[PDB]
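Only one chain is included here, represented as structure tokens and corresponding to the form deposited in one PDB entry.
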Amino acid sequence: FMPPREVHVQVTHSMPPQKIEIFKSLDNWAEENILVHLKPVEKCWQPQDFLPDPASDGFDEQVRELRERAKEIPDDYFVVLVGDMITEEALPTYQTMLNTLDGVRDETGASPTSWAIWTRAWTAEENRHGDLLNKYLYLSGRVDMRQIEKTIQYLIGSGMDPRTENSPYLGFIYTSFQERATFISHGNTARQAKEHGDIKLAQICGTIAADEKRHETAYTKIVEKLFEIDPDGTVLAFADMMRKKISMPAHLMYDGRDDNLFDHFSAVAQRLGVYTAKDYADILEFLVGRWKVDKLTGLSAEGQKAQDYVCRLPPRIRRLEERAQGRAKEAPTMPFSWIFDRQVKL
């Protein structure tokens, strides 16, 4: 039946028109400072590096092993991993999302601009994450590929509205935050697969995280350059995003069966510690430290307000969650269509 829809009213082009040049001029900078964070394709890993080799005499035992190993991984973990993969699979959305950003958008799909080249290349690198996880999940035999496939269709057709308002200020702060968010997630699913005694699974999550660490560096560099060129406007963007809260890229998630699928998935991510509310705050605190927002001069009346709010927010959010956490009650066990309606503790 009917999937979820963005409840917030839609806003387009919140950025002043003239300033687009600030991104048209930074073309040279981008080549020297963002395009370096790209791996040449020949040097890149590919999903096959991490999956059974179908053209190998060892393919059968390889798959048989992957599957033995999988049994020892509990369902809750699978639910999280699946959510992850579904997010990663909705990639066509995210390339489209970067092609709405006013200062950078690829005008033809093959535009030689540094910004477009970065976009096409980043998409290319991300495409690997979906594939690798998909085939791992598929072979594992622990999840319901059909329902997962269905969720993905519902997701791609729903789209996303990250409320970036076509602003590269907001957009690049979003991606900055998101890329770090998945990085923490993946590193935890890595660290947790290690614990469940599956190193080959750890490696999968591991090397995806690698890509995210690199992408995050690229985006945290673009924000750093915007803090120097436009100290006030960047602070205004950074504050604006924090008040709206960062709505995750896969929140319209729907399996034809759970009207609050994303909330439930996120709850399982929480209990296991793949991505907690602490992590959310920790990311923020890191970005304030990374951009040295604590120390900036030349701020307008609203800018100083936009600064202080942002700077005091991490200990605030942490403590907000703190007391919510030490009052949270026992959560119910709920079925997930991703796992044939087997039940995990929320």
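Between two forms, the rigid core is defined as the largest C-alpha subset superposing within 1.5 Å. Counting begins at 1, following the sequence as shown.
Keep in mind that the form deposited in another entry is not shown, yet the notes after this line are about it.
For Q325, a C-alpha deviation of 2 angstroms or more is recorded between the shown form and the other one after rigid-core alignment.
The distance between the CA atoms of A331 and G326 is at least 3 Å shorter in that other deposited form than in the form shown here. Here's the thing about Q325 and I173: their CA atoms end up at least 3 Å farther apart in that other deposited form than they are in this form.
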